[PDB]
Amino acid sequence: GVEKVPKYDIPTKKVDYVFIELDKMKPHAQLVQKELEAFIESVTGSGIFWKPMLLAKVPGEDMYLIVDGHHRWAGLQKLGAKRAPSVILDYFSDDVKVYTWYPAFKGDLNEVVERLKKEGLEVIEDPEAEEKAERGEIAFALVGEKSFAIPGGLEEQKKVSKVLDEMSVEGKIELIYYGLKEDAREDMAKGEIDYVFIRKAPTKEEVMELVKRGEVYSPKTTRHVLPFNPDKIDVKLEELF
């Protein structure tokens, strides 16, 4: 997939799954095309669905927030499947923590910036872009050798994400999402990526608030972390219809 594997593997737990209908699931985020395609090819090719979705009950509604699993959800619906193996979490428990994923690329800075500016974004050279972005003052900081501020909020975050999605589909960049910006910096020094986009993470209150209004975030906005990762499950794709 598009995400960088964590440098430390947290403990696994054999939590088991329950089938939940895909049309009872509510997205809070947009999709990355390469992440969707990779899941569809993996599950159809292998015949096995091995990672349960993470869900939480939406307050006041007979629906579940997709905590983690937007591409599995979209991909399965696209394939015509009806349900997915799921884990129902207590969203406001202190055992659900939320951070973010940082978009990153190996590719030409100048072509990326040009495409961002063509979409109407401002990309302003700014040595304090990173800390502005961590404070939530700008949409993203574009940081590597150079440092740029991208002003705005959610709409600009969507615009940025869309440019990267398109450039990724066109083969002009390799698009990778990092859980930790320090991992991105380490890979920069190895030459494995050139630039990373820094953003402040949402809070759990903001996520549910946003979903209750029927809105979505830009892709990979939340990185939810539990005290464990569920163990691999062994569900046939045919069992999801």
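Position 1 is the first residue in the sequence shown; the rest follow in order.
Per-stretch averaging of Cα B factors for 106 to 114 and 131 to 139 places 106 to 114 on top. Higher mean CA B-factor, judged across 141 to 149 and 158 to 166 from the recorded values: 141 to 149. The residue among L36, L210, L55, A201 whose C-alpha carries the highest B-factor in the deposited model is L210. In this PDB entry, the Cα temperature factor of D68 sits in the bottom third of its chain's modelled residues, the lowest group. In the deposited entry, the Cα temperature factor of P27 sits in the middle third of values across the chain's modelled residues. Compared with the other modelled residues of the chain, the Cα B-factor recorded for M188 ranks in the highest third. Among all modelled residues in its chain, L226 ranks in the lowest third by Cα B-factor. Compared with the other modelled residues of the chain, the Cα B-factor recorded for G80 ranks in the highest third.
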